[PDB]
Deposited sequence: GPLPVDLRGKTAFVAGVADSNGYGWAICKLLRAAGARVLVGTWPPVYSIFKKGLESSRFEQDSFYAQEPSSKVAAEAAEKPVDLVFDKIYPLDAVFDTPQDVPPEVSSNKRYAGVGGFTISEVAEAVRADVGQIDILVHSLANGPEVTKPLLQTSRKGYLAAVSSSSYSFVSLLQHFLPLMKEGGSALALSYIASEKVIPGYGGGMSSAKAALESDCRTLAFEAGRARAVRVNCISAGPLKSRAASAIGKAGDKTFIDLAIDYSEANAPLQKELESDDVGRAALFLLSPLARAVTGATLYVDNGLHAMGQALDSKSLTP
């Protein structure tokens, strides 16, 4: 009925913080369906890991290259091995050469919900950078490494409907790579696996004709 065999494919999933998170859920769903799973985890949580997935890398998706990492954040993060997006993507390439699936688990609560008059330039751009741009970059740096017909999904929880359709167009002409987004509510009950299943579906041949879609997994919350 809804067959999902990912055995031969491998996936890189960015943004795996805790256990009861949507990101972790997806790792299982992909791992269960047979895919090979590479994970990019916030540097801190990475060490308490390096000491579900077939391989893990430290990754702070808000940094693109070493030059963006401020001297303080730098030495802190100590002896971990490049955590910026360009560095992790290099590592993945050396380690597997090509991936079929790309997932970004992007949790963004505080800002971008705060009324504009109460905001600050630095804090407003930090939320844009962190809540939406990071995915653009992660895709930018991982796209040249994705098989044609690969699939990318950006997950946001707790309007990228733009970047999505746009990145769907750009990544499509580029390598015929589907790009989709899931906008979830915090976890009419909503469990991680609710997002994990919708995620799994979009990320598989089952949705081969689906790209540029934003699906709200929030029990009717959005627009209702």
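- Unmodelled segments of the deposited chain, in sequence order: 1, 53 to 84, 110 to 111, 194 to 211, 241 to 271, 309 to 319.
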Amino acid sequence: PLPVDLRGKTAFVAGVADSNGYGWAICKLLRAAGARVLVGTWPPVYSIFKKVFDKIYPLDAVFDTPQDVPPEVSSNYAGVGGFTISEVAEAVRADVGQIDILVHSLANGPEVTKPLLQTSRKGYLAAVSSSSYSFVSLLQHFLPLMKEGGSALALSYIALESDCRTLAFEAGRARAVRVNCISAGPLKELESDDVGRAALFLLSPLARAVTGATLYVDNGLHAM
From here on, numbers count along this sequence of modelled residues.
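- With 97 to 105 and 67 to 75 compared on mean CA B-factor from the PDB entry, the stretch scoring higher is 67 to 75.
- A summary of the deposited B-factors shows that, of 147 to 155 and 79 to 87, the stretch with the larger mean C-alpha value is 79 to 87.
- Considering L117, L139, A126, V112 together, the PDB entry gives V112 the largest C-alpha B factor.
- Within the group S19, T214, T10, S204, the record's highest C-alpha temperature factor is found at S19.
- Remark: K50 belongs to the highest third of its chain, ranked by C-alpha B-factor as recorded.
- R178: CA B factor in the lowest third of modelled residues in this chain (values from the PDB entry).
- In the PDB entry, a CA B factor belonging to the lowest third of its chain's modelled residues is recorded for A168.
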